[PDB]
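Everything below concerns the one structure shown next.
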Amino acid sequence: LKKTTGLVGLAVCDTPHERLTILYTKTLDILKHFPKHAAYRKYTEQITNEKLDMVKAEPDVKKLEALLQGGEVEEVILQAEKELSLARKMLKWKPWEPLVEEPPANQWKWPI
Amino acid sequence: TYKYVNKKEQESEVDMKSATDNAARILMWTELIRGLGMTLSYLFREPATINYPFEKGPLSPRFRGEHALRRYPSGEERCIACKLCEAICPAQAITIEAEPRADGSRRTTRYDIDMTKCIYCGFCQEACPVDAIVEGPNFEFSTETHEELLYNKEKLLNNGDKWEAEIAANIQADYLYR
Amino acid sequence: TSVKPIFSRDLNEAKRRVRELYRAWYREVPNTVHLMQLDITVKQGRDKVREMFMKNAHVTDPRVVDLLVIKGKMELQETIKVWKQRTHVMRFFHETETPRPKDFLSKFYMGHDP
Amino acid sequence: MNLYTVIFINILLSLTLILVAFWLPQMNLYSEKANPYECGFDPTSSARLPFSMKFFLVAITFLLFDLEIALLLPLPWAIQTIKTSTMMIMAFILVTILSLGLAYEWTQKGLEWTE
Amino acid sequence: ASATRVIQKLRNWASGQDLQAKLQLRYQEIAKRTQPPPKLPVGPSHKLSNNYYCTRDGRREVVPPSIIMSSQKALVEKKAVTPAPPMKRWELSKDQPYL
Amino acid sequence: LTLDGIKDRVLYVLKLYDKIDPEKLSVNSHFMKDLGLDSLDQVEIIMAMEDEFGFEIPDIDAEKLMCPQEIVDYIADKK
Amino acid sequence: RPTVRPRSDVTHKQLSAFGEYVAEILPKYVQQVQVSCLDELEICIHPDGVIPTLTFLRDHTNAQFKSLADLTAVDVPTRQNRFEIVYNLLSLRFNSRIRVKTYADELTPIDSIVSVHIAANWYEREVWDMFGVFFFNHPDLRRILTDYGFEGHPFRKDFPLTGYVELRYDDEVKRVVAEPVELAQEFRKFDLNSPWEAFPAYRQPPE
Ligand code: SF4
Ligand code: SF4
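Protein chains in written order, with my numbering: chain A, 621 to 732; chain B, 5 to 182; chain C, -6 to 107; chain D, 15 to 129; chain E, 1440 to 1538; chain F, 10 to 88; chain G, 891 to 1097.
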C-alpha cells in the first residue's frame, strides 16, 4: 500500500511481516551457536525476541513502524539483515574471550 | 519539522485540457520565454555599478585598513613599548625592539609591521592599552615592490600623522562599543 | 625482541622485496626519461636509483625495510603516473644547491657549524 | 570573375591579418612557454592516442541521411513537372522510408551513445 | 527608483512580479551613517557584592573524565541499553508541506 | 638447446655490461667472490638477461643464481 | 549562574550505561571506557579489535553508528606507542556520538576500516600522510595532502613548523627547485606558560 520509502535506493518491499519474521528467526537460530555466557548472545537474543514479539503482535504496517521506532519498516528490515551479518561475523570472531593484551601504563593517561 | 522539495502529493490524473497545457508548454517553450522576460526586466532595471575612483564604496568606522601609530594631543607618541600587540599578533608580523629614551621614557626604537605577513585582524589595535597602534581606513596603498610593504616605525608614524584627522574621528565614533 | 612483523618474518624476504622494488625502478627509469622530457640520461637516473637504495642500505630491521619498500612503491607509483613532474623528479639530483664540504678547514672558514 | 576576385580579396585579407599578427609583436620563445597546456601540469599522454567516440552509429546514419538530403534537394525543380502525381507519390515514399529508418534506429537504440 | 511609468510597467510585466516594492537598490530607507552614541549595558557579575569568583568559576568546575571500566584500575538478566532513546520521527511542516 | 648460442650470448651481455670484466671473467667465475659485485649488480645482470632473452627470471631462482654457468644451464633447462 | 554551562546528568548516565554495555559485549578488545564531564563517551581498545569494534558499532541494532564523522591521529611522543588514532562516530538512529581510541607506533600498522566505512579511505590516507601510520589492506594508500616528493610526516611533534626544504624558481635550470630552508625572520617561540597551576583537579601526583 505504501508507494515510496522516501530514501533513495530503498525498495518498497511489500509483505514486510514475513521478511522481518524470517530475518529474526535466522538471527535467533545463528545466536543459538554462540556460547551461553556471551553477552552479545544474551543482548541480541533480547533485542531480536522483543522485536519479533511486536512484529507478531502488530499486523498493520504504520502502527508496527510506530511500535518499532526504527524508521520505516524497510529500514527495520535492512537493520535486521545487517544484525544477521554481524552475528555471522561475531561467530567467526570470538569477542567474548578475555582481553588480548593490557596496554602500557601511560597509554591512556591525559594530560601527560 | 521538515518539508519535501520534489515530492508530489497524489496525481492530477490525465485530462485533455491539462494535456494540451503541457503540450503547449513543451512546444511553445513557455518557461524559456519566461526566463527571457526575466532577464529583459533586468535589462530595463538600473545597474548597481558605481563609478569607482570618483564614487567609493561605503564603509564603517570599524573598518580595518592600513596600520598607523598615533600620538597624544601634546605630540608625544602613544606607544610605550609594551609589546603585547606583537604578543597577540597571530601572524608574528610585528617587531618591537625598544630601549629607554634620552629623557628616560619607555619608547620603541624598532617598530616594524610586515604588511605582507599581517592578516589585518585588528588584534593589535584591540590589545593596545593606550590606543597607539590603530588600523585606519586606508586601503588604497598597493605598491609596486615587496619591500615597500615592510613598514618600519618611521613609516607607521608617518601614516599616523597623515591619517590622524580621520582615525581620531573614527575612534570617537567607535570607542563606546569597544 | 618479540615484535610484530608487518610483511616480512626476517631480513631475507625483506631483501627480496627490496630486489623487486629495485627491478621495478630500474625498468621504469627509461620510460620516465622518455615520457617526461628529462635533461638526464638513462645511466644517470639508474645511478640515482642505486644511490638512493645505497643511502637506505644500512638498516637491518625488517619492519623498517618493509616500510622503506612501501614508501618506495608509493614514490614509484607517482612516477609511473605523471603525478610527479619534471621538478619533482629532478629534486633528487640537487642540481642547484652547493654541497657543504666535509673537511674541517672549509667548515671552519665558513660558518660556526660542526 | 567577380566572385573569384571577391574570394581572393577575402583570402588576401585574412593572410594580411595573420602576417601582421606574426611580424608585428615581439617574440620571446622558450620551452616552458610553448609546451602544451594541460591545465598547468605536464600531459600524461601525447594527445594523439585513440579517442573512442561514442556516437559512431549516429555518424554513419548521418552519412546516409546526408545522401537522402542530396536526393531530396532537387524538389524545387521537381515540383515544376507536368505529371506531379508520380512526383508527389515519390516524394512521399522517400520521406516515409527515411522516417521509417530513423524510427527503426530509434527503436533499436542506435542513437543512444553506447559507452 | 528614478524610472518612468512606462518602463516600470514594462519591468513589472516582463518580470512577472512587482519590482518597485522590493527594488534591490537602497535609496533612503537605510540607517543614517552618523549615529547617536550608544550606552552598552553591563552584564551580570557587576554586582559589587555577593560576587565572589569562586561561586561562578565555571573553568574550574571541569573534572577529569570518569572511568567506567579499566583494564588496570578495575581489572575485571539485565536489559540491553542504547546510547540514547531513539530519535522521534520528524513531523511534516504545516505552513508549507510542499508534498 | 643451442648451448653455444646461450653461452656466447650470455658472455656477450657480460662483456657489454660496461662495469666489470677487464679480461677477468670465466664461465665459472663468481660474481660476489671473483668479480667483486653485490646484489644490485647481480639483479642488473639478471634484468639484462631478461632483456636479452625475452623471458622473465623470478627473484626466487635469481638469488640462488651465482655464475654465468648457472645462467646458461638455467636458460637451457627453462627452454 | 549565567556564566556556567548546564550539566545534563541524564545523558551522562545514559552514556555510562552504554559504555558498560559495549565493554561487556566486547571484553576481548576494550581496554578502557570513560565518559567526560562534557558528556562524550570514549572507548579505548586494543589495535587488534579495530575491525570488530567498528563493525559492531556500524551495524548492531542497539548501536547503529553507521556514519563515521572523523578519523584522526594525535602524536603524543612520550608514550611507548606515540600515535593515538581516534574515530568519532555518529548515530543518526539514536542521535548520539561515540569516540573510539586505539594506539600505534611508527612500526605497528593498524587494519584499515575501509570495508566498514568508505570515508576511512581518505581519512586513513591523511593519517598516513601526516603521521606515518601505515594501514593494512588499504586500497591505494598514498599521500593526499603533502607535496609529491615530500619527505617526512609533518604533523608529528618532532617535525619543524617550517619544514626542512623550501621552493623557489631558479632561472639557471628554469625550474621550481627545493633548497634547505633559510628564514629571514626566524619564528619566535613564546614561553606562554604561567608558573602557577590553573586547575587543581588535574594536579598530577609527584614522581
Ligand atoms: S591586524 Fe592582526 S595580523 Fe595584522 S599586525 Fe595587527 S595583530 Fe598582527
Ligand atoms: S603599539 Fe600599543 S600594544 Fe604595541 S607595544 Fe606599543 S603600547 Fe604596546
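Each residue gets a CB set at the ideal place from its N, CA and C atoms; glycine is no exception.
Closer than 6 Å: residue i CB and nearest ligand 2 heavy atom
i	result
B/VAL134	yes
B/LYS87	yes
B/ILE137	yes
B/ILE84	yes
B/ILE175	no
G/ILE915	no
B/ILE171	no
residue 221 of chain B	There is simply no residue 221 of chain B to check, as chain B begins at 5 and stops at 182 in what is shown.
residue 187 of chain B	There is simply no residue 187 of chain B to check, as chain B begins at 5 and stops at 182 in what is shown.
E/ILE1446	no
B/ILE100	yes
Residue from the options with nearest C-alpha to residue i
i	options	result
E/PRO1503	G/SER926, G/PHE955, G/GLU930, G/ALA963	G/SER926
G/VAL1017	G/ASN971, G/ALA963, G/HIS1007, G/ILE1003	G/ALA963
B/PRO77	B/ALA169, B/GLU15, B/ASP178, B/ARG182	B/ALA169
A/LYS652	A/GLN727, A/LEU711, A/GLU638	A/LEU711
residue 1110 of chain G	G/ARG972, G/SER986, G/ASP929, G/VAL1004	There is simply no residue 1110 of chain G to check, as chain G begins at 891 and stops at 1097 in what is shown.
B/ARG182	E/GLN1463, E/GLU1468, E/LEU1479, E/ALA1470	E/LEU1479
C/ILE(-1)	C/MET29, C/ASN24, C/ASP54, C/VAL35	C/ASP54
B/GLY108	B/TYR124, B/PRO94, B/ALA85	B/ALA85
F/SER48	C/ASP32, C/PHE46, C/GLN78	C/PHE46
E/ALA1440	B/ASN156, B/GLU50, B/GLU70	B/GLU50
E/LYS1471	B/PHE127, B/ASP116, B/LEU63, B/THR99	B/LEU63
B/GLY69	B/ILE137, B/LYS21, B/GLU13, B/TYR124	B/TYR124
F/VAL19	F/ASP86, F/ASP68, F/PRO77, F/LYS88	F/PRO77
A/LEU621	A/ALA677, A/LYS682, A/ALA707	A/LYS682
Residues bridged to residue i (per DSSP)
i	result
G/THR962	G/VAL976
B/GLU139	B/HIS71
E/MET1508	G/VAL923
G/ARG1065	G/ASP1060
G/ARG987	G/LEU980
G/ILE935	G/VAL920
G/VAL1055	G/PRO1070
G/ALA994	G/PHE973
G/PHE1026	G/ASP1001
F/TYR83	Paired residue(s): none; F/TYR83 is not in a bridge.
C/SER1	DSSP lists no partner for C/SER1.
Residue i: CB within 6 Å of a non-hydrogen atom of ligand 1
i	result
B/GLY126	yes
E/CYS1493	no
C/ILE33	no
G/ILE1000	no
B/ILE123	yes
G/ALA907	no
B/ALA72	no
E/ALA1519	no
G/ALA953	no
A/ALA631	no
G/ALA959	no
Where residue i meets chain H, residues with beta-carbon distance less than 8 Å
i	result
B/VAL9	Given the protein chain composition of this structure (A, B, C, D, E, F and G), no chain H is represented.
**Request:** Run through the region 52 to 97 of chain C for me and flag every whole alpha helix (DSSP H) of 4 or more residues, listed as ranges in chain order.
**Result:** 55 to 73, 79 to 83
**Request:** Pick out the complete beta strand (DSSP E) segments inside the region 47 to 128 of chain B, 3 residues or longer, and give them in chain order.
**Result:** 70 to 73, 102 to 104, 110 to 112, 116 to 118
**Asked** Which full runs of the beta strand (DSSP E) of 3+ residues lie inside the region 26 to 52 of chain F, going along the chain?
**Response** none
**Prompt:** Taking the runs of the alpha helix (DSSP H) that are 4 residues or longer, which of them lie wholly in the region 691 to 727 of chain A?
**Reply:** 693 to 712
**Sequence ranges, alpha helix (DSSP H) only - wholly within the region -4 to 49 of chain C, length at least 4** = As for any alpha helix (DSSP H) of minimum length 4 sitting wholly inside the region -4 to 49 of chain C, the runs are 4 to 28, 35 to 48, ordered along the chain.
**Message:** What ranges does the alpha helix (DSSP H) occupy inside the region 1451 to 1510 of chain E, keeping only unbroken runs of at least 4 residues that lie completely in it?
**Reply:** Those alpha helix (DSSP H) runs which fall completely within the region 1451 to 1510 of chain E and span 4+ residues do not exist here.
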